[PDB]
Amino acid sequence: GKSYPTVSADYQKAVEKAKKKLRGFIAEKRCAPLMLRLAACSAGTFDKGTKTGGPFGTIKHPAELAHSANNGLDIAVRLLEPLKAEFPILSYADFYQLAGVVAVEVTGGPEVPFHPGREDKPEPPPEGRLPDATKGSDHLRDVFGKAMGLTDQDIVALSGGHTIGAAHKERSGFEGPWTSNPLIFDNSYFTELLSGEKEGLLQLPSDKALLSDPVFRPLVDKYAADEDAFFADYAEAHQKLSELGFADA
């Protein structure tokens, strides 16, 4: 259902150059998980009914950075600003989604397709649309399904984004990595979720919700057994998330 806009050759050349610069920067700075979180938090505010929010550059605004679910994302924005300044032709919206795609690639994940053309919008969405880590399956469906318009498959695959990174007690309050290799994009999130709590590792109530739901659980099992299947479904879901409200809602 997507009809992608035309951008100039110069715009396309900037996308390609920025992609390379983002690879080197993100790898050197060890900030792939923070950048994936920035991209997801940016996109996840989309509401299909009103066609408001979504990946349109608003996360750089102090008002959106101040949302409790976005604690620490001011660091991500600050980290990217010098590189963004080398690409004035690119929208912030495109730049942040490109950073998210690169974060997945540089950690060894799938190559998520990227299409340019998002425009920077003036007004941030209201606070409270991002998912609550303390809630369960009904809540996940309210946020990813009723608001964003994504599928149950997308919910499980995207939850696998937690295969990289960690929570911080000073940000959310939760603490620690989901996996033993938090800079490696693999299916270990699902294998750890299945094996139960392990010292040093994290499971949010929202992660655990996937285990007890009749639709989510078979997907968790599938992804734990088959990393290729996880990668395929992940790439599909990340692309959709990154394009919410864009080139047709």
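We number the residues from 1 along the sequence you see.
- Remark: stretch with higher mean C-alpha B factor among 69-77 and 145-153 is 69-77.
- Look at the mean CA B-factor for 92-100 and for 125-133 in the entry; the higher one is 125-133.
- The maximum CA B-factor among the listed residues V215, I184, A40, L201, taken from the PDB record, is found at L201.
- When all modelled residues of the chain are sorted by CA temperature factor, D226 is found within the highest third.
- The PDB entry assigns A32 a C-alpha temperature factor belonging to the lowest third of its chain's modelled residues.
- Sorting the modelled residues of the chain by their CA temperature factor places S242 in the lowest third.
- The deposited CA B-factor of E170 belongs to the middle third of values across its chain.
- When the CA B factors of the chain's modelled residues are split into thirds, the value for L210 lands in the middle one.
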